[PDB]
């Protein structure tokens, strides 16, 4: 029993973190095989960020313009290239701790674990959703750039995020491990701001299923809803519209609990209209949207407490 915001175990990723310095700028990199990946802004000063031309800034560097430290060992850089908003530094040593891995671009609403790092040293691990607005509500300070987000499936690490910047509202923006930003953000000083965000409806429903698996039914009701009538309420409450593909994804949770999706929708509608009346669900007084349907199946028992 219990339900916690759980991260994946971080050791396979810890063994990949290094420090990258160019000039007076230092941040973290990710060392897999004989490549180090890092935010391309390592080549900039604070003034350069006001209007950087990365191609022009980079051509002025050599391989020895970059210092890479892995623990206490210096790794020699023997090649460099830009890929979108990252650099790919070739190094003289292949990482012996390289796990099985791949690069994935995750989608809005999906969750991942962040290994916060400073100076190549890991400091903490936490779980994050990718918001509909393509931000994350992280916890990052100066020096955290190049910290990575990841999921683990079997013993394969799927890297999906590298940290680049904080926006004015205090939320965080970054790239996939091809260097393509999530969202419309750019690695230069602008008036950029997080777009309006939405609640991740699919996750809310998944978390209500978790609450039933773990033995609680208080918020269920005798009603049902159409998808469309449900969406009219959703729009009023700044929830994402639910689709049939979402309904299908909730199949396995629906089956485990015996509650049809649209009957769980009607329970959510009631919760939205009436509130929770001073009650909690899985310990929370609000509706939680940072657990996906897969997160619930991973964590919860496969036997409902009936």
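Throughout, rigid core stands for the largest set of C-alpha atoms superposing within 1.5 Å between the two forms. Numbering follows the first chain given and starts at 1.
- Here 188 to 196 and 74 to 82 are scored by the root mean square distance of their C-alpha atoms in 9 other deposited structures of this protein, with each structure fitted by the rigid core; the higher score goes to 188 to 196.
- Across the superposed structures in 9 other deposited structures of this protein, aligned by the core, the stretch whose Cα atoms lie more distant on average is 39 to 47, chosen from 259 to 267 and 39 to 47.
- When the C-alpha B-factors of 26 to 34 and 46 to 54 are averaged, 46 to 54 comes out higher.
- In this entry, the higher average B-factor at the C-alpha atoms falls on 75 to 83, of the pair 105 to 113 and 75 to 83.
- Within the listed group 236, 163, 134, 137, the record reports its top CA B-factor for 236.
- Which of 147, 95, 127, 203 has the largest Cα B-factor in the deposited entry comes down to 95.
- In this PDB entry, residue 180 carries a Cα temperature factor that places it within the middle third of its chain's modelled residues.
- Compared with the other modelled residues of the chain, the Cα B-factor recorded for residue 275 ranks in the highest third.
- Among the modelled residues of its chain, residue 247 has a C-alpha B-factor that falls in the lowest third, as given in the PDB entry.
- In this PDB entry, residue 172 carries a Cα temperature factor that places it within the lowest third of its chain's modelled residues.
- Per the deposited record, the Cα B-factor of residue 226 falls in the highest third when ranked against the other modelled residues of its chain.
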